[PDB]
Amino acid sequence: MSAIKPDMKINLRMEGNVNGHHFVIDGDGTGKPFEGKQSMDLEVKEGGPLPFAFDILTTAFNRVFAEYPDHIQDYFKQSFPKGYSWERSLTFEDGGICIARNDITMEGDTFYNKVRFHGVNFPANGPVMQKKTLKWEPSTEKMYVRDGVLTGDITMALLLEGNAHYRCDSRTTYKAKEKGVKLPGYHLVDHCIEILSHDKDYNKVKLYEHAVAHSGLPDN
Amino acid sequence: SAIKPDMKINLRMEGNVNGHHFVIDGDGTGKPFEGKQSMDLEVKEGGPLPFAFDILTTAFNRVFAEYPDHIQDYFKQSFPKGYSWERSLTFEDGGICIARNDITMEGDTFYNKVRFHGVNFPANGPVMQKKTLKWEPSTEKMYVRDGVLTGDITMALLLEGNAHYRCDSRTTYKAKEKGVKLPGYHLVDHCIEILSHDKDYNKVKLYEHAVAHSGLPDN
Amino acid sequence: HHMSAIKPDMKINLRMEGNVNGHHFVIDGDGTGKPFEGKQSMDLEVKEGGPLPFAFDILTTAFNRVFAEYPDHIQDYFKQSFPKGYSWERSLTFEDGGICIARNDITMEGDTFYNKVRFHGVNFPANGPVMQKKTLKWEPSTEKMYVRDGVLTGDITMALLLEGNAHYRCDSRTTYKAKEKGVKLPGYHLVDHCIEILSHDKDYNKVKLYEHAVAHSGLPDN
Amino acid sequence: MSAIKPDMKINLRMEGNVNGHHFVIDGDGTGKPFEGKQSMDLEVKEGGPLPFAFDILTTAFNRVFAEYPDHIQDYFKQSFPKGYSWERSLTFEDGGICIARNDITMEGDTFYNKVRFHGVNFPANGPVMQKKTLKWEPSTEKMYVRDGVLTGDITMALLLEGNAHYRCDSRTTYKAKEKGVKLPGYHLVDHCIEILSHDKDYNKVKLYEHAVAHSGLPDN
Ligand SMILES: O=S([O-])[O-]
Ligand SMILES: O=S([O-])[O-]
Ligand SMILES: O=S([O-])[O-]
Ligand SMILES: O=S([O-])[O-]
């Protein structure tokens, strides 16, 4: 009966374009949906080595991996077996702007992800093209309903070389495939994403994320 | 050393939104180390306010935040000298607000010289029409930007009709005593609430609670 | 410093592949124009994805700055970018959250320019003017051309006229990069724009587009 | 039918607070409304010398000084003799944000301007606090009505040392004092502001503006 199982697999294919540079990246990972933890092994098939910081791709690599408590409606786990899809905009503080789409589907213990990524106006001397990023700092997403659609806004920062921070503002719009899926009320989703390991050219990447939902102070 | 477990709070706030001057006085208390604080507010001039009182609340001290041991408390170490902050509020309908505050301490009480200015609020907007309900809980991102500690918040106002209203805020904190160590990147959980008020919002009770943390998985 | 190889009467060969709100489409373009008068006209034709569930207007500026009246006192970065050609990247930010990215690779071969165009929009509200197709007209705008991070960049403040006398704000930044080296960067200058849909069918499967652009250096010398 | 003379005098006094620095500037000049030109001598009464770039203030130092054609409704000259007021937000690309107000009342032959200005969050090493600005480039104001109010949005740029540019996005709201003043349609207003002369620390500044209203191409 259960559409969401304790241990599930993740199959992902990304096709993208940043500043004209086409790229194709494959993923194959595992995760625990009810614990909000997933890990994935990536491998760029085309366009390696990448000319930009790999970090800007990480959040495009499923909120069905998040620990939802009882008092908050879990929109994403209720979206399967049919699945869902999202759209995202990434506005960086130095002009660089990205859009991204993902169409998620399920078969058995496996999620399938059709991911698209596009970025423009990234300056050559910028920390993205200079590859001076280190990690995404831990963040907190704001979930709320906007125009009948579950939307998530995140203020977010990249750690740069030299104790500097690089600002990125994101908006995601989630839409279930099935009709009649209960939209949740306002809530927060704490995030944490990390590159566990990589080779020199970032042709091989192991990514890990942890996400938890809550109602904020003083409920958490 | 300079901050007692219980403190008194005094706040004078003059402002202008859409050409409307106003003067508000605040007298309340709070326990800094526990991260909680309360305050009674009175519109001594400009009442009744033709705009939603909620936009003023965040202007009405991060020293009232529960900081752990593993995170540098830049605000509690800014005393007895005190500190200042500037702020910019950017609402989604075009309304822009700026604010500043000088925080001092003579004895056991906190003195706050706050100013507030807001422009370009739409007439039928949820602010000038008082369609707001409360500030939804948020998370401030603390990080050093150009040698100055900076807090950025994506906060949302709950409106009437189960709708939310966007506001992006950037605050720059500056300690008076030169030498106060800047903290690393960290988060500050926030929850603000109007506990009680009258019809025309002349007398208002405000309450806050702030907890600092390292985020996942250290929170 | 060399011959632009751009004759006063040029042709345009365009093909756009794009995605908006998950909806995929393919559009082809055929038109003519005069680079020295800063005027051009094109016949668009939705090959795939028709009919478009969104406003056609958001696509129109994606459908070449080589068609702009540049005075000889202002450096014409685009005309001197040929015969090698150039390419641009653009971000479109609407006031309701909708964000578009677009890029065009422009080449010249003989008498005709060629455009490989891509367009991507996200986060448009279901009841916004775009998805409801309540747009009417691109108001005349002025693009601010200047070198930024060693790259010629243009910033505009655009507005769509809606039904009911309302305006739909949009902020656009375009970056321009030449394929050949040695092309001189211009100083700050303005570019006046006026794009207009002259004719179309009901479902906008076939559209007739027109642009007129004139560069200048603002008051008082304009 | 508005009692606006071809040659008018301008009286002005600004009180402001940028970066915590309080200041007072007085202004006295003349202008030609139907030719859209105006000149003004400025004097720093308090706060001198200003620790920030003077250029960020000049845009605040009256749109009746704009040449309007006959096919465009001149909302500003139709607001007198009762006068009008405006509000403005200045958003810079580096985080610096300014608000500004002015109440304009006409007393016979002289225009009076009660101006207020406030600026926050300017980086210590930005071109403003370092005073690296050279001038405002000529721009174009997009006038249109939003929620029953005349509004102008401008993409303007400050020329910096080395011929770099410093972006600023601005929005102004105009409100006539008298009820039922006919709102104009979408039109453009070309601007140029130029500091003609100044003293060492900008305590005395000669300012000039030239504004012309039009309806864009091909009317240009
Ligand atoms: O970033 S780490 O905590 O996964
Ligand atoms: O803690 S308060 O929200 O009751
Ligand atoms: O308008 S002034 O810059 O000649
Ligand atoms: O160029 S005219 O047709 O707007």
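Refer to the structure presented above.
Residues numbered from 1 in each chain as written, not as in the entry; some residues may be left out. Chains lettered and ligands numbered in written order. Heavy atoms only, no water.

## Examining the overall build of chain C
When you go through chain C residue by residue, the secondary structure sums to 0 helices and 12 strands. What you see in chain C, going N to C, is helices and strands ordered as β-β-β-β-β-β-β-β-β-β-β-β. Relative to the 2.2 N^0.38 estimate, which gives 17 Å for 222 residues, the radius of gyration of chain C is 17 Å and therefore close to what a compact globule would have. Overall size of chain C, expressed as C-alpha extent along the three principal axes, is 50 × 40 × 30 Å. Classification of the 222 residues of chain C by burial places 59% in the buried group. Computed over 27 positive and 31 negative side-chain charges, the inter-centroid distance for chain C is 3 Å. (Helix = DSSP H or I, 4+ residues; strand = E, 2+ residues; numbered from the N terminus. Rg over C-alpha atoms; globule rule 2.2 N^0.38 Å. Buried < 20%, exposed > 50% of the residue type's maximum accessible area, 1.4 Å probe, protein only. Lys, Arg positive; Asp, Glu negative; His and termini not counted. Charge placed at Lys NZ, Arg CZ, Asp CG, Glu CD.)

## Some thoughts on the overall build of chain A
Tallying secondary structure elements over chain A gives 0 helices and 14 strands in all. Secondary structure elements of chain A, listed N to C terminal, follow the sequence β-β-β-β-β-β-β-β-β-β-β-β-β-β. Over its C-alpha atoms chain A spans a radius of gyration of 17 Å, differing by no more than 12% from the 17 Å that the globule rule assigns to 220 residues. By its C-alpha atoms, chain A is 50 × 35 × 30 Å across when sized along the principal axes. Taking all 220 residues of chain A together, the buried fraction comes to 60%. A total accessible area of about 8,700 Å² is found for chain A, and carbon and sulfur atoms account for 48% of it. (Areas by Shrake-Rupley, 256 points an atom, 1.4 Å probe, with all protein chains shown as cover.)

## Points about the interface of chain D and chain C
At the junction of the two partners, chain D supplies 27 residues and chain C supplies 28 residues. Contact between chain D and chain C buries roughly 2,300 Å² in total, counting both sides, with carbon and sulfur atoms accounting for 56%. Counting the surface chain D buries against chain C, the share from its top three residues, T155(D), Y186(D) and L217(D), is 28%. For the interface between chain D and chain C, the tally reads 4 salt bridges. In this structure, the salt-bridge partner of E93(D) is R148(C), at a minimum N-O distance of 2.7 Å. Here chain D and chain C share 11 residue pairs in polar contact between them. If you list the elements that add at least two residues to the side of chain D that touches chain C, you get strand 9 (139–145), strand 10 (150–160), strand 11 (165–176), strand 12 (187–191) and strand 14 (204–214) of chain D. Among the residues making up the side of chain D that touches chain C, the classes are represented as 10 nonpolar, 9 polar and 8 charged. (Contact = heavy atoms within 4.5 Å. Buried area = accessible area lost by both parts, 1.4 Å probe. Salt bridge = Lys/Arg side-chain N within 4 Å of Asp/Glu carboxyl O. Polar contact = N/O pair within 3.5 Å; in protein donor to acceptor, adjacent residues only side chain to side chain. Nonpolar A, V, L, I, M, F, W, Y, C, P; charged D, E, K, R; others polar.)

## A look at the pairing of strand 14 of chain D
Residue and element names in this part refer to chain D. Where burial is concerned, most of strand 14 is hidden: 8 out of the 11 residues are buried. Of the strand pairs in this sheet, strand 3 (residues 37–46) and strand 14 are connected by 7 bridges, and their pairing is antiparallel. Residue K37 lies in a different strand from strand 14, and its bridge partner there is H210. Pairing of strand 12 with strand 14 involves 3 bridges; the strand directions are antiparallel. Bridging across to strand 14, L188 finds its partner in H214. As judged from the 5 bridges shared by strand 13 (residues 193–198) and strand 14, these two strands associate in the antiparallel manner. For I193, the partnering residue across the bridge sits in strand 14 and is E209. (Pairing = 2+ DSSP bridges.)

## What to know about the interface of chain B and chain D
Contact residues are listed per partner, giving 28 residues for chain B and 23 residues for chain D. Summed over both partners, the interface of chain B with chain D comes to about 1,900 Å²; 46% of that surface belongs to carbon and sulfur atoms. For the chain B face of the interface with chain D, the top three residues by lost area are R100(B), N120(B) and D146(B), together amounting to 28%. Here chain B and chain D share 0 salt bridges between them. Summed over the shared surface of chain B and chain D, the number is 19 residue pairs in polar contact. At the level of secondary structure, the elements contributing two or more residues to the side of chain B that touches chain D comprise strand 1 (7–17), strand 4 (83–91), strand 5 (96–106), strand 6 (109–119) and strand 10 (164–175) of chain B.

## Here we look at the pattern of salt bridges
Residues and elements named next belong to chain C. Summed over the entire model, instances satisfying the criterion amount to 58 salt bridges over all chains. Between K79 and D76 there is a salt bridge, with its nearest N and O atoms 3.4 Å apart. With relative accessibility at 8%, the residue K79 sits in the buried group.

## Notes on the packing of aromatic side chains
Residue and element names in this part refer to chain A. Tallying each qualifying case throughout the model produces 50 aromatic pairs over all chains. Ring geometry for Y75 against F76: centres 5.7 Å apart, planes inclined by 85°, an arrangement best described as edge-to-face. Here the two residues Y75 and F76 agree in accessibility, since each one is buried. Their ring planes at 65° and their centres at 4.9 Å tell us that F80 and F111 sit as a pair that is edge-to-face. Residue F80 is found in the loop between strand 3 (37–46) and strand 4 (84–92), and its partner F111 is found in strand 6 (residues 110–120); the two are separated by 31 residues along the sequence. We classify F80 as buried; its relative accessible area is 8%. The rings of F65, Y68, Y75, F76, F80, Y84, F111 and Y174 are connected pair by pair, giving a single aromatic cluster. When the ring centre of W86 is taken as origin, the NZ or CZ atom of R88, which lies over that ring, is 3.8 Å away. (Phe/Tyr/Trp six-rings, centres within 6.5 Å; stacked < 30°, edge-to-face > 60°. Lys NZ or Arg CZ within 6 Å of the ring centre and 35° of its normal.)

## What to know about the side chain of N62(A)
Residues and elements named next belong to chain A. By the secondary structure assignment, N62 is in the loop between strand 3 and strand 4. There is a polar contact of 3.1 Å between the side chain of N62 and the backbone nitrogen of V64. Not counting residues up to four positions away in its chain, the partners in contact with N62 are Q38, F80, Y84, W86, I104, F111 and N113.

## Here's the deal with the environment of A100(D)
Residue and element names in this part refer to chain D. Its place among the elements puts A100 in strand 6 (residues 97–107). For the pair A100 and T172, spaced 72 residues apart in the sequence, the C-alpha separation amounts to 9.1 Å. Once you skip the residues sitting within four places of it in the chain, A100 turns out to touch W86, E87, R88, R116 and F117.

## Let's talk about the nonpolar core
If you look at the biggest cluster of nonpolar residues, it comprises 61 residues, and the most contacted ones within it are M14(A), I25(A), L57(A), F61(A), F111(A) and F117(A). Core analysis: the next-biggest nonpolar cluster, separate from the first, contains 59 residues, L12(D), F65(D), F111(D) and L158(D) among them. (Core = buried A, V, L, I, M, F, W, Y, C linked by side-chain atoms within 4.5 Å.)

## Considering the arrangement of the chains
Considering only C-alpha positions, the minimal separation of the non-contacting chain B and chain C is 8 Å. One finds no contact linking chain A with chain D; the least C-alpha distance across the pair is 8 Å.

## Some thoughts on the environment of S141(C)
Looking at where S141(C) falls in the secondary structure, it is placed in strand 8 (residues 141–148). Overall, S141(C) belongs to the buried group, its relative accessible area being 6%. Along the primary structure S141(C) and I156(C) are separated by 15 residues, whereas in three dimensions their C-alpha atoms are 7.0 Å apart. If near-sequence neighbours (up to four positions away) are discounted, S141(C) is found in contact with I156(C), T157(C), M158(C), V191(C), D192(C), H193(C) and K142(D).

## Considerations on unusual backbone geometry
Each neighbour pair has its own omega, and for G47(B) with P48(B) the value is 0°, a cis peptide bond. Position of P48(B) relative to the elements: it lies in the loop between strand 3 (36–45) and helix 1 (54–57). For the peptide bond that leads from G50(C) to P51(C), omega is 0°, which places it in the cis range. Within the element layout of this structure, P51(C) appears in the loop between strand 3 (39–48) and strand 4 (86–94). At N123(C), a position not held by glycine, the phi torsion is positive, near 60°. Within the secondary structure, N123(C) is located in the loop between strand 6 (112–122) and strand 7 (135–138). When its relative accessible area of 6% is taken as the criterion, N123(C) is described as buried.

## Some words on the environment of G151(B)
Residues and elements named next belong to chain B. The topology assignment puts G151 in strand 9 (residues 148–159). Residue class for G151 comes out buried when judged on its relative accessible area of 0%. The sequence separation of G151 and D189 amounts to 38 residues, and the corresponding C-alpha distance is 12 Å. When neighbours within four sequence positions are excluded, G151 is seen to be in contact with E140, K141, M142, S169, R170, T171 and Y173.

## What to know about the state of the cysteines
Residue and element names in this part refer to chain C. Scanning the model with the defined rule gives 0 disulfides over all chains in all. Here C100 stays free of any disulfide, with the sulfur of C170 as its closest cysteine sulfur at 7.4 Å. The structure places no disulfide on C194, whose sulfur is separated from the nearest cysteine sulfur, that of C170, by 17 Å. (Disulfide = S-S within 2.5 Å.)

## Observations regarding the side chain of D55(D)
Residue and element names in this part refer to chain D. With respect to the helices, strands and loops of the structure, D55 is situated in helix 1 (residues 55–58). Engagement of the side chain of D55 in a polar contact is seen with the side chain of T133, the distance being 2.9 Å. Excluding residues that lie within four positions of it along the chain, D55 makes contacts with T133, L134, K135, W136, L158 and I195.

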